[PDB]
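Only one structure is covered here, and it is reproduced in the block below.
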Amino acid sequence: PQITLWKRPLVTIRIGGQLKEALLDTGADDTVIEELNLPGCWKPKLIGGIXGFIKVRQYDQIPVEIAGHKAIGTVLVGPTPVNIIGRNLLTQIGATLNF
Ligand SMILES: CCCC[C@@H](CN[C@@H](CCCC)C(=O)N[C@@H](CCC(N)=O)C(=O)N[C@@H](CCCNC(N)=[NH2+])C(N)=O)NC(=O)[C@@H](NC(=O)[C@@H](NC(C)=O)[C@@H](C)O)[C@@H](C)CC
């Protein structure tokens with residue numbers, strides 16, 4: 001599909017068997033999702049942006065479907081204000097910027 005940028009590029013994702021809404025963010029290196037449990041598998045990380053840093057739980061090799069496209073990769077979990085799909089998964093679904 002093609003997504004224009006007149007409004008925030010929000011899409012439905014599936015993760016850990018749960019459906020969420022997330023923002024496709026080309027300015028994010030990584031993917032950041034709120035709450036939800038998961039694997040006895042995670043390790044600590046700090047990630048930053050405007051306003052500084054938050055502590056997150058890094059989970060590896062997590063299956064994540066995005067607009068019907070299967071991806072599998074690192075997912076960071078913490079108190080992000082907005083669920084974010086970053087380049088680590090956008091590359092797996094063949095996403096490009098075009099102008
Ligand atoms: C400045 C750092 C690079 C750009 C920034 C864009 N992320 C979005 C995330 C959405 C908000 C949680 C953002 O900050 N958007 C702001 C940009 C400022 C702006 N005014 O446009 C925004 O839209 N802010 C809205 C409010 C939130 C809107 N978004 C939304 N509701 N979805 C605004 N009006 O204030 N990327 C990031 O914040 C990511 N940071 C990174 O990718 C890198 N970190 C650093 C420090 O560069 C990497 C080394 O970790 C985060 C997610 C970690 C992977």
Side-chain angles (χ1 to χ4, degrees), residues 1-35 37-45 47-99:
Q2 170 167 99
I3 301 175
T4 60
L5 295 172
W6 298 114
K7 298 187 167 162
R8 284 154 180 176
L10 297 165
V11 302
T12 298
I13 59 162
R14 182 153 63 246
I15 177 164
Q18 273 266 302
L19 293 182
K20 305 220 165 290
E21 179 180 69
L23 182 74
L24 306 181
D25 187 0
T26 54
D29 289 357
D30 305 321
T31 294
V32 197
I33 307 285
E34 178 156 303
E35 45 208 338
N37 266 354
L38 302 178
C41 120
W42 69 268
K43 72 215 177 214
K45 185 179 176 64
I47 56 174
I50 289 165
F53 289 76
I54 51 164
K55 286 191 200 43
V56 297
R57 308 206 287 276
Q58 181 185 333
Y59 294 87
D60 293 329
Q61 299 297 149
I62 298 310
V64 178
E65 206 174 83
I66 303 155
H69 291 73
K70 300 192 169 298
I72 175 151
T74 295
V75 167
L76 304 180
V77 171
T80 182
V82 176
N83 291 331
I84 292 156
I85 303 304
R87 298 185 297 101
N88 74 308
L89 300 179
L90 298 167
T91 55
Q92 295 192 357
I93 73 181
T96 62
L97 288 165
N98 294 90
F99 61 100

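Numbering starts at 1 and runs along the sequence shown. All ligand and atom numbering here is 1-based and tracks the order in the structure. When reading the values below, keep in mind they use all heavy atoms of this one structure, side chains included, and skip hydrogens, waters and symmetry mates.
Residue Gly27 holds the heavy atom nearest to atom 4 (C) of ligand 1 of all those in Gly52, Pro9, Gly86, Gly27. Heavy-atom proximity to atom 41 (C) of ligand 1, evaluated over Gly48, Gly78, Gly49, is greatest for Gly48.
At least one N or O atom of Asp25, backbone or side chain, sits closer than 3.5 Å to an N or O atom of ligand 1. For ligand 1, the polar-atom distance check against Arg8 finds a nitrogen or oxygen pair separated by under 3.5 Å.
At least one side-chain heavy atom of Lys43 sits under 4.5 Å from a side-chain heavy atom of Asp60.
Against a heavy-atom cut-off of under 4.0 Å, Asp30 is close to the following atoms of ligand 1: 54 (C). Residue contact check: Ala28 has heavy atoms under 4.0 Å from atoms 42 (O), 52 (C) of ligand 1. Every atom of ligand 1 is numbered from 1 in the order shown, and the set under 4.0 Å from a heavy atom of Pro81 is 12 (C).
Among all heavy-atom pairs drawn from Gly16 and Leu38, the shortest one is CA-CD2, 3.9 Å.
Of the residues listed (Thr31, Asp30, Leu24, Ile72), the one engaging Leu89 in a side-chain contact (heavy atoms from CB on, under 4.5 Å) is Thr31, and it is the only one.
More than 12 heavy atoms of other shown residues, nucleotides or ligands fall within 6.0 angstrom of atom CG in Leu19.
Remark: the backbone N or O of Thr74 is paired with a side-chain donor or acceptor of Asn88 at under 3.5 angstrom.
Of the heavy atoms in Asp29, both backbone and side-chain atoms come closer than 4.0 Å to ligand 1.
A continuous path of ILVMFWY side-chain contacts below 4.5 Å connects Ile13 to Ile3, so both sit in one hydrophobic cluster.
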